[PDB]
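Chemist: This is the structure I have questions about; it appears just below.
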Amino acid sequence: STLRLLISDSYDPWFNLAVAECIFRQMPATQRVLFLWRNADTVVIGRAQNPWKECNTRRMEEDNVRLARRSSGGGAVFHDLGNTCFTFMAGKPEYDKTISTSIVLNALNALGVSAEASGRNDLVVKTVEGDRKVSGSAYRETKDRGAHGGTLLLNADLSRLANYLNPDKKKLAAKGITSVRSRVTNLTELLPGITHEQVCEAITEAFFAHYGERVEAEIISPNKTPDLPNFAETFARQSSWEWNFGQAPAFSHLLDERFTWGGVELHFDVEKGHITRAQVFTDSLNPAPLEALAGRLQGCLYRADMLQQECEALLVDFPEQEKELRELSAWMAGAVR
Ligand SMILES: Nc1ncnc2c1ncn2[C@@H]1O[C@H](COS(=O)(=O)NC(=O)CCCCc2cc3nc4ccc(O)cc4oc-3cc2=O)[C@@H](O)[C@H]1O
């Protein structure tokens with residue numbers, strides 16, 4: 001056949017992405033793939049985004065909310081079990097992202113909701129409060145293939161959506177794509193009790209309709225590594241800090257705090273998750289260890305656990321300022337989460 005339908009029973013955002021990443025390559029050029037999946041408590045960012053800048057990476061860590069960098073573009077979005085994800089995969093030149101959008105759109109109309117796409121990749125319903133966003137999307141192409149993945153806000157926690165997508169005021173000069181903040185709502189406010197299964201059928205039946213074929217859905221299990229080319233390597237890298245966080249565009253961070261022993265200001269040049277340069281500005285009466293720290297951060301990870309390593313390594317050479325340095329390491333680690 002020409003079609004392929006995949007349903008994920010895994011909620012690991014890293015897992016499902018690794019599946020697409022393995023389906024996207026393994027896919028025969030003549031094939032047309034639909035992928036239906038969900039994710040439990042995650043903030044998903046695009047390839048060219050800065051996690052610390054686009055979402056509350058600190059709040060997520062406190063609350064065990066995973067961060068995932070999708071291979072496609074777009075902005076930062078929050079995933080929750082009331083958030084349905086789809087992914088249409090075709091080959092060029094047959095591939096068109098408007099086709100997929102219409103399939104989803106037709107499917108929505110089959111359910112009794114009347115929405116239309118807008119912007120670059122939104123999907124907005126007309127409500128009493130006006131226009132509300134119930135979906136977004138992002139795309140990925142190569143020389144011969146294509147992939148249009150998107151969401152659908154069925155019954156996500158809108159509170160946690162706002163809470164994690166509202167980052168701590170940080171002082172950042174960052175390259176990359178920034179998110180386009182829109183007003184959102186849940187479809188359950190429109191079709192009370194709409195579930196993930198009900199939606200999947202619509203998107204599936206609309207997919208089967210526009211193509212005229214049918215196929216039995218292939219189910220993926222979480223308790224088993226799917227039989228895919230280099231999945232084990234894919235799922236491993238996709239899950240790494242070096243990808244989700246490291247593959248952020250080059251940026252800079254300005255830090256400041258007024259301690260009782262003086263004020264300290266830090267400038268961080270970060271690239272591939274690594275501090276390429278640290279500069280200290282202080283009015284402390286014993287600035288020698290701080291000017292020394294500035295050098296010791298040459299190449300250090302932009303992460304709270306490695307900064308504290310370098311600080312507890314500094315205490316050895318400068319034992320007199322043990323008190324002052326521990327306050328410093330405590331603050332420095334909390335500003336980079
Ligand atoms: N879950 C949500 N759904 C819809 N809207 C949401 C959500 N959370 C917060 N929002 C609100 O709207 C804004 C969307 O911002 S945005 O338009 O820049 N950015 C976007 O619209 C990007 C949408 C990305 C959707 C997406 C597309 C994908 N495409 C893929 C394509 C290929 C592949 O292998 C994997 C893929 O995985 C994907 C995962 C995905 O989550 C957020 O800032 C927030 O105010």
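Labels for the structure tokens follow display order: chains A, B, ..., residues from 1 in each chain, ligands from 1.
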According to DSSP computed on the backbone, where in region 86-136 of chain A is there strand (DSSP E)? Give the residues as an MDAnalysis selection string.

Modeler: chainID A and resid 86:91 115:118 122:127 130:135

Chemist: Output C-alpha atoms for every residue in that selection, as a PDB file, in the first residue's frame.

Modeler:
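Once everything was written out, this is out.pdb:
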```
ATOM      1  CA  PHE A  86      -0.304  14.510  14.609  1.00  0.00           C
ATOM      2  CA  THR A  87       2.437  14.239  11.981  1.00  0.00           C
ATOM      3  CA  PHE A  88       1.904  13.903   8.230  1.00  0.00           C
ATOM      4  CA  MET A  89       4.883  12.624   6.241  1.00  0.00           C
ATOM      5  CA  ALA A  90       5.045  12.648   2.437  1.00  0.00           C
ATOM      6  CA  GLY A  91       7.573  12.753  -0.383  1.00  0.00           C
ATOM      7  CA  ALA A 115     -12.220  26.549  12.735  1.00  0.00           C
ATOM      8  CA  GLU A 116      -9.899  27.887  10.037  1.00  0.00           C
ATOM      9  CA  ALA A 117      -6.110  28.144   9.780  1.00  0.00           C
ATOM     10  CA  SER A 118      -4.436  31.542  10.117  1.00  0.00           C
ATOM     11  CA  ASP A 122      -2.184  28.477  13.629  1.00  0.00           C
ATOM     12  CA  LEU A 123      -5.702  27.036  13.776  1.00  0.00           C
ATOM     13  CA  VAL A 124      -8.171  29.433  15.378  1.00  0.00           C
ATOM     14  CA  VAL A 125     -11.794  28.970  16.518  1.00  0.00           C
ATOM     15  CA  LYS A 126     -14.376  31.762  16.779  1.00  0.00           C
ATOM     16  CA  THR A 127     -15.469  32.116  20.412  1.00  0.00           C
ATOM     17  CA  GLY A 130     -13.200  36.318  20.082  1.00  0.00           C
ATOM     18  CA  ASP A 131     -10.517  34.424  18.184  1.00  0.00           C
ATOM     19  CA  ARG A 132      -8.806  31.616  20.126  1.00  0.00           C
ATOM     20  CA  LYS A 133      -5.939  29.312  19.125  1.00  0.00           C
ATOM     21  CA  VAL A 134      -6.584  25.575  19.482  1.00  0.00           C
ATOM     22  CA  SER A 135      -3.604  24.370  17.462  1.00  0.00           C
TER      23      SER A 135
END
```

Chemist: What are the closest atom pairs, with distances in Å to one decimal, for all residues of chain A lying within 7 Å of ligand 1? Consider only C-alpha atoms and all ligand atoms, order rows by chain and residue number, and present the result as JSON lines.

Modeler:
```
{"residue": "A:17", "atom": "CA", "partner": "ligand 1", "partner_atom_place_in_ligand_line": "35 (C)", "distance": 5.6}
{"residue": "A:20", "atom": "CA", "partner": "ligand 1", "partner_atom_place_in_ligand_line": "34 (O)", "distance": 4.5}
{"residue": "A:21", "atom": "CA", "partner": "ligand 1", "partner_atom_place_in_ligand_line": "34 (O)", "distance": 5.3}
{"residue": "A:24", "atom": "CA", "partner": "ligand 1", "partner_atom_place_in_ligand_line": "34 (O)", "distance": 6.8}
{"residue": "A:44", "atom": "CA", "partner": "ligand 1", "partner_atom_place_in_ligand_line": "41 (O)", "distance": 5.6}
{"residue": "A:70", "atom": "CA", "partner": "ligand 1", "partner_atom_place_in_ligand_line": "37 (O)", "distance": 5.3}
{"residue": "A:71", "atom": "CA", "partner": "ligand 1", "partner_atom_place_in_ligand_line": "33 (C)", "distance": 5.9}
{"residue": "A:72", "atom": "CA", "partner": "ligand 1", "partner_atom_place_in_ligand_line": "31 (C)", "distance": 5.0}
{"residue": "A:74", "atom": "CA", "partner": "ligand 1", "partner_atom_place_in_ligand_line": "22 (C)", "distance": 4.5}
{"residue": "A:75", "atom": "CA", "partner": "ligand 1", "partner_atom_place_in_ligand_line": "19 (N)", "distance": 3.3}
{"residue": "A:76", "atom": "CA", "partner": "ligand 1", "partner_atom_place_in_ligand_line": "19 (N)", "distance": 5.1}
{"residue": "A:77", "atom": "CA", "partner": "ligand 1", "partner_atom_place_in_ligand_line": "8 (N)", "distance": 3.6}
{"residue": "A:78", "atom": "CA", "partner": "ligand 1", "partner_atom_place_in_ligand_line": "8 (N)", "distance": 3.9}
{"residue": "A:79", "atom": "CA", "partner": "ligand 1", "partner_atom_place_in_ligand_line": "1 (N)", "distance": 5.0}
{"residue": "A:83", "atom": "CA", "partner": "ligand 1", "partner_atom_place_in_ligand_line": "1 (N)", "distance": 6.2}
{"residue": "A:85", "atom": "CA", "partner": "ligand 1", "partner_atom_place_in_ligand_line": "41 (O)", "distance": 6.8}
{"residue": "A:87", "atom": "CA", "partner": "ligand 1", "partner_atom_place_in_ligand_line": "31 (C)", "distance": 6.0}
{"residue": "A:121", "atom": "CA", "partner": "ligand 1", "partner_atom_place_in_ligand_line": "21 (O)", "distance": 6.6}
{"residue": "A:122", "atom": "CA", "partner": "ligand 1", "partner_atom_place_in_ligand_line": "21 (O)", "distance": 6.4}
{"residue": "A:133", "atom": "CA", "partner": "ligand 1", "partner_atom_place_in_ligand_line": "5 (N)", "distance": 6.4}
{"residue": "A:134", "atom": "CA", "partner": "ligand 1", "partner_atom_place_in_ligand_line": "4 (C)", "distance": 5.7}
{"residue": "A:135", "atom": "CA", "partner": "ligand 1", "partner_atom_place_in_ligand_line": "4 (C)", "distance": 4.2}
{"residue": "A:136", "atom": "CA", "partner": "ligand 1", "partner_atom_place_in_ligand_line": "21 (O)", "distance": 3.8}
{"residue": "A:137", "atom": "CA", "partner": "ligand 1", "partner_atom_place_in_ligand_line": "25 (C)", "distance": 3.9}
{"residue": "A:138", "atom": "CA", "partner": "ligand 1", "partner_atom_place_in_ligand_line": "27 (C)", "distance": 4.3}
{"residue": "A:139", "atom": "CA", "partner": "ligand 1", "partner_atom_place_in_ligand_line": "31 (C)", "distance": 5.2}
{"residue": "A:140", "atom": "CA", "partner": "ligand 1", "partner_atom_place_in_ligand_line": "32 (C)", "distance": 6.0}
{"residue": "A:147", "atom": "CA", "partner": "ligand 1", "partner_atom_place_in_ligand_line": "32 (C)", "distance": 5.2}
{"residue": "A:148", "atom": "CA", "partner": "ligand 1", "partner_atom_place_in_ligand_line": "31 (C)", "distance": 5.2}
{"residue": "A:149", "atom": "CA", "partner": "ligand 1", "partner_atom_place_in_ligand_line": "29 (N)", "distance": 3.2}
{"residue": "A:150", "atom": "CA", "partner": "ligand 1", "partner_atom_place_in_ligand_line": "27 (C)", "distance": 4.0}
{"residue": "A:151", "atom": "CA", "partner": "ligand 1", "partner_atom_place_in_ligand_line": "25 (C)", "distance": 5.1}
{"residue": "A:152", "atom": "CA", "partner": "ligand 1", "partner_atom_place_in_ligand_line": "3 (N)", "distance": 5.9}
{"residue": "A:153", "atom": "CA", "partner": "ligand 1", "partner_atom_place_in_ligand_line": "3 (N)", "distance": 5.7}
{"residue": "A:161", "atom": "CA", "partner": "ligand 1", "partner_atom_place_in_ligand_line": "9 (C)", "distance": 5.9}
{"residue": "A:165", "atom": "CA", "partner": "ligand 1", "partner_atom_place_in_ligand_line": "43 (O)", "distance": 6.8}
{"residue": "A:178", "atom": "CA", "partner": "ligand 1", "partner_atom_place_in_ligand_line": "18 (O)", "distance": 6.7}
{"residue": "A:179", "atom": "CA", "partner": "ligand 1", "partner_atom_place_in_ligand_line": "18 (O)", "distance": 3.5}
{"residue": "A:180", "atom": "CA", "partner": "ligand 1", "partner_atom_place_in_ligand_line": "18 (O)", "distance": 3.8}
{"residue": "A:181", "atom": "CA", "partner": "ligand 1", "partner_atom_place_in_ligand_line": "43 (O)", "distance": 4.0}
{"residue": "A:182", "atom": "CA", "partner": "ligand 1", "partner_atom_place_in_ligand_line": "45 (O)", "distance": 4.5}
{"residue": "A:183", "atom": "CA", "partner": "ligand 1", "partner_atom_place_in_ligand_line": "45 (O)", "distance": 6.1}
{"residue": "A:184", "atom": "CA", "partner": "ligand 1", "partner_atom_place_in_ligand_line": "11 (C)", "distance": 6.1}
```

Chemist: In terms of the shortest atom-to-atom distance over only C-alpha atoms, which of A:65, A:294, A:111, A:328 is closest to residue 308 (chain A)?

Modeler: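 Once distances to residue 308 (chain A) are computed over only C-alpha atoms, the minimum belongs to A:328.
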
Chemist: Tell me, counting only C-alpha atoms, for each residue of region 43-112 of chain A within 7 Å of region 194-204 of chain A, which pair of atoms is nearest and how far apart they are in Å to one decimal, in rows ordered by chain and increasing number, as a Markdown table.

Modeler:
```
| residue | atom | partner | partner_atom | distance |
| --- | --- | --- | --- | --- |
| A:84 | CA | A:196 | CA | 6.4 |
| A:103 | CA | A:203 | CA | 6.7 |
| A:104 | CA | A:203 | CA | 5.5 |
| A:107 | CA | A:202 | CA | 4.7 |
| A:108 | CA | A:202 | CA | 7.0 |
| A:110 | CA | A:202 | CA | 6.8 |
```

Chemist: Those same residues - C-alpha atoms - I'd like them written as a compact mmCIF listing (two decimals), in the first residue's frame.

Modeler:
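Resulting contents of selection.txt:
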```txt
# COMPACT_ATOMS: atom_id res chain seq x y z
CA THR A 84 -3.16 15.54 20.71
CA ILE A 103 -7.29 16.92 6.36
CA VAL A 104 -7.18 18.00 10.01
CA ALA A 107 -11.75 16.14 10.43
CA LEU A 108 -12.53 18.93 12.91
CA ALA A 110 -16.69 16.23 11.00
```

Chemist: Could you check the closest approach to residue 246 (chain A) for each of A:68, A:177, A:27, A:217 and tell me which residue wins, using only C-alpha atoms?

Modeler: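 Closest residue, counting only C-alpha atoms: A:68.
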
Chemist: Which of these residues is nearest to residue 29 (chain A), using only C-alpha atoms: A:142, A:230, A:42, A:239?

Modeler: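 Using only C-alpha atoms, residue 29 (chain A) sits closest to A:142.
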
Chemist: Point out the residue among A:264, A:333, A:3, A:307 with the least atom-to-atom distance to residue 32 (chain A), counting only C-alpha atoms.

Modeler: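 Result for the nearest residue to residue 32 (chain A): A:3.
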
Chemist: I need the residue nearest residue 332 (chain A) from this list: A:315, A:105, A:266, A:81. Use only C-alpha atoms for the distance.

Modeler: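 Going through A:315, A:105, A:266, A:81 one by one, the smallest distance to residue 332 (chain A) is for A:266.
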
Chemist: Just checking: using only C-alpha atoms, which residue out of A:58, A:145, A:66, A:53 ends up closest to residue 15 (chain A)?

Modeler: A:66

Chemist: Among region 140-279 of chain A, which ones does DSSP place in alpha helix (DSSP H), written as a PyMOL selection string?

Modeler: chain A and resi 158-164+196-211+231-239+241-244

Chemist: Have a look at CA of residue 335 (chain A) and CA of residue 41 (chain A) and let me know their distance in Å, one decimal.

Modeler: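 Going from CA of residue 335 (chain A) over to CA of residue 41 (chain A), I get 23.4 Å.
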
Chemist: Excluding region 283-288 of chain A and any residue of its chain fewer than 6 positions from it, enumerate the residues within 12 Å of it, using only C-alpha atoms, and give them as a ChimeraX atom specification.

Modeler: /A:257-265,294-295,314,317-318,320-322,324-325

Chemist: Which residues are close to residue 248 (chain A), i.e. within 9 Å by only C-alpha atoms, leaving aside same-chain residues fewer than 4 positions away? Reply as a VMD selection string.

Modeler: chain A and resid 47 to 51 175 to 176 243 to 244 271 to 273

Chemist: Since we have the selection now, will you write its residues out, keeping N, CA, C and O atoms, as a compact mmCIF listing (two decimals), in the first residue's frame?

Modeler:
```txt
# COMPACT_ATOMS: atom_id res chain seq x y z
N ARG A 47 13.95 23.60 16.66
CA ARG A 47 15.39 23.41 16.46
C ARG A 47 16.23 24.65 16.72
O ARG A 47 17.35 24.55 17.22
N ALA A 48 15.69 25.81 16.39
CA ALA A 48 16.45 27.06 16.46
C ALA A 48 16.08 27.91 17.67
O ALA A 48 16.20 29.14 17.62
N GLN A 49 15.65 27.27 18.76
CA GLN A 49 15.20 28.02 19.94
C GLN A 49 16.10 27.89 21.16
O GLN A 49 16.89 26.96 21.28
N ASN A 50 15.97 28.86 22.07
CA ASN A 50 16.73 28.91 23.31
C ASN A 50 15.81 28.59 24.48
O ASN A 50 14.95 29.40 24.84
N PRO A 51 16.00 27.41 25.10
CA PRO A 51 15.11 26.90 26.15
C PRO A 51 14.96 27.85 27.35
O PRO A 51 13.83 28.13 27.76
N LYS A 175 20.53 34.69 19.93
CA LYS A 175 20.17 34.42 18.55
C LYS A 175 19.09 33.33 18.51
O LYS A 175 18.90 32.62 19.50
N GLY A 176 18.40 33.21 17.39
CA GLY A 176 17.41 32.16 17.23
C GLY A 176 15.99 32.65 17.03
O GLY A 176 15.76 33.86 16.92
N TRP A 243 21.46 17.91 23.38
CA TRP A 243 20.59 18.21 22.25
C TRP A 243 19.50 19.20 22.63
O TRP A 243 19.36 20.25 22.00
N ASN A 244 18.70 18.84 23.63
CA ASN A 244 17.59 19.67 24.07
C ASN A 244 18.04 21.07 24.48
O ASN A 244 17.40 22.07 24.15
N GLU A 271 27.97 29.01 23.84
CA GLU A 271 27.89 28.42 22.51
C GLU A 271 27.91 26.90 22.63
O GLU A 271 28.81 26.33 23.26
N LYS A 272 26.92 26.25 22.03
CA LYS A 272 26.73 24.80 22.15
C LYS A 272 26.63 24.35 23.61
O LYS A 272 27.11 23.28 23.97
N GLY A 273 26.00 25.19 24.43
CA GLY A 273 25.82 24.88 25.84
C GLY A 273 27.06 25.15 26.68
O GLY A 273 27.06 24.89 27.89
```

Chemist: Give me, as a list in words, all polymer residues having an atom no more than 10 Å from residue 336 (chain A), counting only C-alpha atoms and skipping those fewer than 4 positions away in the same chain.

Modeler: residues 52, 57, 58, 170, 253, 255, 302, 303, 304, 307, 331 and 332 of chain A
